[PDB]
Amino acid sequence: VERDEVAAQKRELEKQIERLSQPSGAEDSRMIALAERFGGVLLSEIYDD
Amino acid sequence: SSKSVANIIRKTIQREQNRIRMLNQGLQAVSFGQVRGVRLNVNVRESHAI
C-alpha cells in the first residue's frame, strides 16, 4: 500500500516535470501542432526570457 | 534532449532562410552583360533532412 501511494506520487511528479519540458513548458500536447501549422509563435516562448 | 536539438536546428534553419530571402530582394533586377538577376538559393540536404 505504501509503495503504491509513493508510486502515485512519483507518477504525478514525473507527469508534472514533463508538462514543463518542451518546446517551452506549456500545453505542448497539441499546442505544438497548433503552433507550427500556423505562422505564429507561442506567447509563453515569446515571454520566455 | 534529442527532440529539442532537432527543433532548435529546424528553427535556426528557418530563421536563416528567411533572412537570406530578405537580403535577396536587393539584388533583384541587376543588369550585367546578359545577367539580369542574382539569388542565393538555400536548401536542406535530404540526407540530413531524414
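Residues numbered from 1 in each chain as written, not as in the entry; some residues may be left out. Chains lettered and ligands numbered in written order. Part of a larger assembly, values for the part shown. Heavy atoms only, no water.

So, the side chain of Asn24(B)
Residue and element names in this part refer to chain B. Note the cut-off: Under the scheme used here, helices are H or I runs from DSSP no shorter than 4 residues and strands are E runs no shorter than 2 residues, and both carry numbers assigned from the N terminus. Partly exposed describes any residue whose relative accessible area lies between the buried limit of under 20% and the exposed limit of over 50%, with all areas from a 1.4 Å probe on protein chains only and scaled to the type maximum. Throughout, a contact is declared for two residues whenever any of their heavy atoms are within 4.5 Å.
Within the secondary structure layout, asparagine 24 lies in helix α1 (residues 2-24). Of the residues examined, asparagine 24 reaches a relative accessible area of 17% and is grouped as buried. Apart from the residues within four sequence positions on either side, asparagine 24 is in contact with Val38, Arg39 and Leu40.

Quick notes on the layout of surface pockets
Selection criterion: Both site types are read off a 1 Å grid over the protein atoms alone. A 1.4 Å probe that fits but cannot get out defines a cavity, while an open set with protein on both sides within 12 Å along at least five of seven lines defines a pocket; lining residues have an atom within 4 Å of a point. Grid points are joined across faces, edges and corners, and a volume is the space filled by probe spheres set on the points. Under this grouping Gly is polar, as are all residues other than the nonpolar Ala, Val, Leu, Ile, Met, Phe, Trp, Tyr, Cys and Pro and the charged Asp, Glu, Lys and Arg.
Size it by volume and the largest pocket reaches roughly 960 Å³. Along the wall of the largest pocket there are 26 residues; nearest its centre are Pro23(A), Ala35(A), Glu36(A), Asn7(B) and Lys11(B). Of all elements in the fold, only α2 (22-25) and α3 (28-36) of chain A together with α1 of chain B reach the threshold of two or more residues within the lining of the largest pocket. With eleven residues, the top contributor of residues to the lining of the largest pocket is α1(B). Here the lining of the largest pocket is composed, by residue class, of ten nonpolar, nine polar and seven charged. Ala6(B), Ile9(B), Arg10(B), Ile13(B), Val44(B), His48(B) and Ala49(B) are the residues that line the second largest pocket. Among the elements of the structure, α1 and α2 (46-49) of chain B are those that each provide at least two residues to the lining of the second largest pocket. If you tally residues by element for the lining of the second largest pocket, the top one is α1(B), at four residues.

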